[PDB]
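As the structure lists them, so they are numbered: ligands from 1, and atoms in each ligand from 1. Chain naming here is simple, since letters A, B, ... match the order of the sequence lines and numbering starts at 1 in each.
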Amino acid sequence: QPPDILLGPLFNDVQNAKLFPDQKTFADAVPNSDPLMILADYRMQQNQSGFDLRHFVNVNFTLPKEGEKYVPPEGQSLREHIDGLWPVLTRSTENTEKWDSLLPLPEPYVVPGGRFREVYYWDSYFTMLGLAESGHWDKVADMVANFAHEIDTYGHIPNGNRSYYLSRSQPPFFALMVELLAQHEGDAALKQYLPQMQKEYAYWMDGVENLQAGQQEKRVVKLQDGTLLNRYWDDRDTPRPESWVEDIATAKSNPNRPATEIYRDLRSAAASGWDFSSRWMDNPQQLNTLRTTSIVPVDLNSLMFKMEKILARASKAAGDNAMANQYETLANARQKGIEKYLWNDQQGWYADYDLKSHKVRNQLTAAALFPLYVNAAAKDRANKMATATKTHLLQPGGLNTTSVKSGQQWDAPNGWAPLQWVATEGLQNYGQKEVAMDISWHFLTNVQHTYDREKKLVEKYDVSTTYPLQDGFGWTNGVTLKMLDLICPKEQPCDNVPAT
Amino acid sequence: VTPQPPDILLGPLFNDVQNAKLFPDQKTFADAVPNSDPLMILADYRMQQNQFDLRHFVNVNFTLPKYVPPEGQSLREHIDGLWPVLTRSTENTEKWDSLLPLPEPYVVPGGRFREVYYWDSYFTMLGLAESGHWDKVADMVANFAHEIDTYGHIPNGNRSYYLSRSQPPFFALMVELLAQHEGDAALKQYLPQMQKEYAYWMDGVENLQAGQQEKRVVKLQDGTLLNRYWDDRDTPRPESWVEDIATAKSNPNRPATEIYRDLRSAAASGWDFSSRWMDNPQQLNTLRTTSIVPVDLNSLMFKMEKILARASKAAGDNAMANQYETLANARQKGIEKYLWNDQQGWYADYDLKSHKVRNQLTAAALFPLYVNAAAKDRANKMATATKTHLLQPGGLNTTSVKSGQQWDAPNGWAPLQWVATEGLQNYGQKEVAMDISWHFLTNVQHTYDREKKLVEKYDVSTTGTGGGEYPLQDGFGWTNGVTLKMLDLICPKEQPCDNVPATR
Ligand SMILES: OC[C@@H]1[C@@H](O)[C@H](O)[C@H]2[C@H](O)[C@@H](O[C@H]3O[C@H](CO)[C@@H](O)[C@H](O)[C@H]3O)CN21
Ligand SMILES: OC[C@@H]1[C@@H](O)[C@H](O)[C@H]2[C@H](O)[C@@H](O[C@H]3O[C@H](CO)[C@@H](O)[C@H](O)[C@H]3O)CN21
């Protein structure tokens with residue numbers, strides 16, 4: 001149960017009082033006794049002469065640790081810095097105290113770094129690429145097994161292993177994780193995790209059998225002509241426990257709209273990974289105008305395509321050819337849907353589909369490379385995507401997330417490792433090597449420059465040239481390894497990005 | 001972890017079994033127990049579809065759910081003898097079972113209702129208490145406290161598919177019932193759980209802006225705080241799967257999620273279904289439950305606030321007692337202003353769409369008298385309105401609208417008979433209170449005499465029994481409890497009756 005439900009008005013009071021400078025801190029606090037009895041105790045004590053809320057919290061909760069700082073040794077190469085960090089980013093939480101928001105996992109896992117003290121769904125894929133690249137297949141397998149277990153226990157992979165992340169998933173990479181493990185383990189891996197891949201697919205498509213044309217429900221939309229696509233959705237319609245005061249302030253700033261609708265769209269953008277972006281906003285100046293759930297995402301639907309293709313491949317590997325064909329049929333239908341509703345023929349680029357206006361959007365964002373990444377894109381449209389990339393999103397320090405400098409995280413001038421890799425790999429898929437290399441060199445140069453000065457890798461980079469900023473950093477480390485390998489000869493690998 | 005509801009657990013397999021109507025009751029497969037991990041059952045299902053007999057597949061992979069009274073019992077004896085028959089003890093359940101474990105024995109309503117029910121349990125516990133079974137009463141209070149502890153609220157019943165909603169809140173009244181036997185020990189003991197339940201009903205209230213609603217709370221333009229019925233999910237009910245899909249399918253121009261939310265929220269109200277929630281009582285696809293502020297729910301919330309004040313005082317916190325008292329006072333004002341119809345002269349629900357008190361008189365209108373929130377003059381008008389519009393030869397009518405739905409004319413339901421009787425008695429309206437009691441009891445006795453059963457509800461217009469999508473069920477928990485209480489009321493304390501007298 002998430003902390004706001006467990007603790008009631010007590011959670012609200014502590015978050016609003018801003019006892020801790022991060023709202024995630026009290027979301028991660030561990031009750032020392034039954035939260036129902038803490039709430040009862042709080043109600044009695046709170047109006048007592050001299051009641052101190054900070055003292056009450058200290059007495060009734062164990063808080064996250066806060067004073068510590070990682071100190072790398074001097075002058076290690078970029079590659080050695082990353083490679084030696086894996087144990088540091090690894091957590092082992094097979095059992096948790098009762099009432100901890102942290103959810104137990106059977107095997108060790110890598111977390112992104114800093115305040116992100118839990119496994120993240122889509123981060124873990126790019127992280128696992130790094131682990132695999134540097135020969136840590138056992139950690140890769142541990143993490144696949146963990147996610148399989150979450151599917152088994154919760155019915156889906158939560159955004160992270162926190163009670164307050166249970167209400168949503170994230171960009172789905174599990175099937176791609178199984179394929180990554182199969183690179184090492186062969187078809188055995190596809191066979192072992194077929195039931196879990198199927199159950200995750202059931203999650204995303206839940207309710208589709210009874211969904212009528214022109215309606216949406218949970219993570220599924222059916223257009224008027226019957227086309228089936230997915231959207232991001234969270235099952236709750238309240239402030240995020242981890243961003244409690246920010247979300248309340250957002251909704252309060254637009255009393256013309258039901259707060260429940262704003263909370264739903266804030267939580268659904270968090271499910272998208274892109275919390276937040278002009279991509280979801282009617283007005284980039286005002287977060288209270290986001291309408292995430294009314295938007296059909298081109299990246300999510302690309303990922304669904306890949307999931308359907310992988311289900312077909314795993315079915316075939318298990319010896320069920322008829323079932324493999326069924327998944328191929330679903331994949332083809334998805335591909336047609338992407339090509340019809342998620343391609344903007346006037347601009348010549350992929351884009352989201354707007355359910356309110358019943359048209360494909362004009363806005364170009366880095367999500368538009370996803371159809372290339374998953375091999376859904378027609379060849380001529382992949383070529384158009386290379387042009388659009390160079391014209392609009394390629395910047396000196398890497399691939400821009402969007403061309404709108406809104407002040408939000410998933411927008412210009414911010415470059416995010418996962419997006420760099422998806423773009424690089426999708427362009428390579430279609431022989432657009434020049435643009436793919438430009439992204440890799442520009443982003444890697446940006447990573448090296450920050451590492452040179454600060455001896456760290458961080459969650460995101462400003463591409464204009466080459467909560468506070470977080471360090472580690474899981475997906476940055478993974479993508480860097482992969483790109484470093486790409487830009488230097490296989491037989492003469494580099495440990496730092498060449499100056500020229 | 002608590003299993004997800006059966007539709008989530010089994011993915012499309014559930015949908016397929018329900019739609020195929022392999023079983024004549026939709027509830028039957030909702031209560032099926034998987035013989036292995038549903039994730040693996042679903043994988044097998046998809047494989048076996050590509051290589052098939054659904055019924056046989058279900059037979060292999062699930063275990064499906066499975067009385068002759070003694071000779072010559074009086075009505076009272078039959079009821080007292082039935083308590084063990086209706087008792088279940090489920091401290092441990094199988095993995096993947098939709099049945100949720102409870103630490104103590106519990107009485108269930110009867111028939112297809114093979115689990116404990118929230119509001120039924122109060123009326124049932126009145127019967128248990130009346131006939132000396134205080135141990136069972138304490139068991140059931142403990143079970144509900146445990147559910148609040150474990151889930152954060154009391155679900156509609158102990159089934160995974162009921163977890164997304166509660167029911168008309170009687171827990172605080174159950175605690176007061178135990179307190180009648182134990183003294184205030186019961187209040188002190190269950191104060192934390194009574195507080196946790198209030199937090200559930202009021203969840204989100206601190207941040208709710210005027211003119212908006214969220215979950216179970218509404219805040220009107222002037223800041224007035226009231227509650228509504230709500231279910232956290234927006235899909236067909238597993239236990240009524242094909243019926244609910246048909247309902248939504250019948251108006252494809254309204255988002256199906258709204259219709260599902262309103263169907264589920266009417267089941268949260270206990271009154272699934274009623275003209276009360278519907279724009280047109282003849283058409284179920286017009287229900288709009290979550291836009292209606294219910295007078296019965298808010299009466300019960302008033303009572304909860306009152307008991308919380310009493311319990312707080314028992315625990316020695318007068319400051320907290322005073323706070324609950326202030327909340328109760330605000331609720332009373334809210335009831336008198338927004339849930340009383342002065343045109344008609346009766347309590348009624350408030351409509352959030354038209355921003356007006358509703359004109360319909362239903363049995364829910366007696367709740368303010370039951371909980372002692374009503375002004376004396378208004379209680380007197382309610383007595384007249386009851387006598388004029390709702391009193392029928394076989395008991396108190398649920399509404400005066402014969403819609404074809406269960407919570408409407410000509411159906412009479414035990415809990416509503418008792419609430420009306422007690423409400424009227426609280427304001428000295430003895431004549432109407434005794435009329436309800438004598439009429440309902442005569443109905444119950446007549447059916448008992450010929451059919452040797454008590455059932456879920458009665459025809460108050462014709463007397464006898466027999467809307468609804470499942471057959472009339474027997475037992476029957478709340479009917480038996482209310483019958484005992486009313487039997488005691490209508491005969492002298494010192495010369496009690498075992499059958500309802502044929503002559504007043
Ligand atoms: O690197 C961790 C996560 C990543 O998964 C996500 O795309 C990116 C996002 O900017 C942040 O999201 C996390 O934090 C939020 C609170 O700050 C949560 O509400 C959100 O659910 C969670 O994924 C940091 N990022
Ligand atoms: O006596 C058991 C229940 C009682 O709690 C409720 O008021 C009345 C209602 O008419 C039926 O409700 C139950 O069954 C439905 C399915 O037939 C469920 O959807 C509902 O959630 C459940 O309370 C029988 N009654």
Side-chain angles (χ1 to χ4, degrees), chain A residues 22-24 27 111-116 118-124 126-127 158-160 162 164-165 167-171 234 239-244 246-247 266-277 408-410 414 416-419 459-460 467 470 472-476, chain B residues 25-27 30 108-113 115-121 123-124 155-157 159 161-162 164-168 231 236-241 243-244 263-274 405-407 411 413-416 455-457 467-470 473 475-479:
Chain A
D22 194 340
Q23 291 279 289
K24 192 169 176 298
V111 303
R115 68 191 293 256
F116 305 113
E118 50 290 317
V119 79
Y120 281 73
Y121 188 6
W122 77 315
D123 298 55
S124 290
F126 301 91
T127 304
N159 179 155
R162 288 282 176 178
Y164 52 76
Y165 288 154
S167 59
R168 53 176 181 275
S169 189
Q170 244 191 348
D234 182 300
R240 288 168 302 161
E242 76 279 14
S243 302
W244 187 262
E246 294 90 349
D247 286 356
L266 289 168
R267 290 167 156 275
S268 303
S272 82
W274 290 48
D275 50 291
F276 302 96
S277 175
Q408 300 298 324
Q409 294 288 340
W410 291 77
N414 296 303
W416 291 90
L419 299 177
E459 60 189 320
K460 96 283 214 323
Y467 65 91
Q470 301 297 302
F473 191 86
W475 59 23
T476 305
Chain B
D25 192 342
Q26 290 286 290
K27 192 165 181 303
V108 307
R112 68 196 293 264
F113 305 111
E115 51 283 318
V116 85
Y117 279 74
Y118 185 9
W119 75 318
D120 298 57
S121 287
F123 303 94
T124 305
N156 187 156
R159 288 281 178 184
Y161 50 80
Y162 290 152
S164 62
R165 58 171 172 278
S166 193
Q167 245 196 343
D231 183 298
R237 292 169 294 164
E239 73 281 11
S240 305
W241 190 259
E243 291 90 343
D244 290 1
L263 286 160
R264 289 169 160 272
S265 298
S269 77
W271 294 46
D272 47 299
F273 299 102
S274 185
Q405 301 301 327
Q406 279 220 102
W407 292 80
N411 296 293
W413 288 92
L416 302 177
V455 294
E456 68 189 310
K457 95 277 221 263
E469 283 270 5
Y470 62 84
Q473 305 286 305
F476 192 84
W478 56 24
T479 303

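- Remark: side-chain polar atoms of A:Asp22 are not paired, donor with acceptor, to backbone N or O of A:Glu242 under 3.5 angstrom.
- Remark: A:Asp247 pairs with A:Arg240 by the side-chain hydrogen bond (donor to acceptor under 3.5 Å, both in side chains) rule, at least two apart or across chains.
- By the ring pair (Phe, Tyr, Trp, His ring centres under 6.0 Å) test, B:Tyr162 pairs with B:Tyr117, sequence neighbours left out.
- For an aromatic pair to be called close, the ring centres must be under 6.0 Å apart, and A:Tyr467 with A:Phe116 satisfies this.
- The side-chain contact (heavy atoms from CB on, under 4.5 Å) test applied to B:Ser274 returns B:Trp271, B:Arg276, B:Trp277, B:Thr399, B:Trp407, B:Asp408, not counting sequence neighbours.
- Within 4.0 Å of ligand 2, protein heavy atoms belong to B:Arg112, B:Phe113, B:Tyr117, B:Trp119, B:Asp120, B:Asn156, B:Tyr162, B:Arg165, B:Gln167, B:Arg237, B:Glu239, B:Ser240, B:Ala267, B:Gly270, B:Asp272, B:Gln406, B:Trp407, B:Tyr470, B:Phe476, B:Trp478, listed by chain and number.
- Defined by atom type and a distance below 3.5 Å, a donor-acceptor pair is missing between the side-chain atoms of B:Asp231 and B:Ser265.
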